[PDB]
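Asks: First, the structure itself, so that you have it in front of you.
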Ligand code: NA
Ligand code: NA
């Protein structure tokens, strides 16, 4: 938990598959595990992790039905965690978990 | 617009009719129109208007399907405006409009 850092993914405004406008944010739980890769492979591993979290969130939710936002939160969180983890690995970072927090309907 | 005061209705956590948890807030647009009633009929006409806005919001949304939150926002706003206006009248206040702002799904 000590080296497990909390990242607040800035809010993402997109539309679901079934044409529903959603404002979504999330917390990323990530650990620095290869210092040499974190410091060599990218300029800034925090904001590198932030950027790809925002791009991924936008896409995963764009690719989602509203009913999945209601019923299948856990499944969506696993998709976010899978993808962001794959992304952060070249930078020596493990993503422990991803949790969608708020979901606003404007 | 000068005497039309903006009131931020504090967030209301409830469930829709079709069993959906919702966090909802709104702006109330209200005008003081009978000063004698505003000052006689109640201790504090702002917080009187706030309280009844929160109670009403909770009920109108409890009495709503999620699909009405998506599709029929305007209709829900008219219900809120009708009811809160009726409520504020004994206190010499006209409610110009009510607009649900944010709708969070926890
Ligand atoms: Na990773
Ligand atoms: Na009124």
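Don't worry about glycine lacking a Cβ; one is built from the backbone with ideal geometry, like all the others, and counts go over all protein chains shown. No value in this document is a laboratory result; all are computed from the given coordinates.
Asks: Between residue A:63 and residue A:31, what FRET efficiency comes out of the Förster formula 1/(1 + (r/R0)^6) with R0 = 30 Å and r the beta carbon distance, rounded to 0.05?
Replies: 0.65
Asks: Compute the normalised compactness of the protein assembly as shown: alpha-carbon radius of gyration over 2.2 N^0.38 Å, N being the residue count.
Replies: Taking N as the residue count of the protein assembly as shown, the ratio is 1.33.
Asks: Another question, if that's okay. Please average, across the residues of B:64-70, the number of beta carbons from any other chain that are within 10 Å of each residue's own beta carbon, and give a whole number.
Replies: Per residue, the number of nearby Cβ atoms from other chains is 2 on average.
Asks: So if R0 is 30 Å, what FRET efficiency would residue A:86 and residue B:18 give, r being the distance between their Cβ atoms, rounded to the nearest 0.05?
Replies: With a Förster radius of 30 Å, E is 0.25.
Asks: Calculated from DSSP H runs of 4 or more alone, at -39500 (n - 2.57) each and per residue, what is the 222 nm mean residue ellipticity of the protein assembly as shown, nearest 500?
Replies: For the protein assembly as shown, the value works out to -13500 deg cm²/dmol.
Asks: On the principal axes of its Cα set, how long, how wide and how thick is chain B? Give whole Å, largest value first.
Replies: Ordered largest first, chain B gives principal extents of 43, 24, 18 Å.
Asks: Going by how many other Cβ atoms sit within 10 Å of their own, how do B:29, A:45 line up, fewest first?
Replies: Final ranking by Cβ density, sparse to dense: B:29, A:45.
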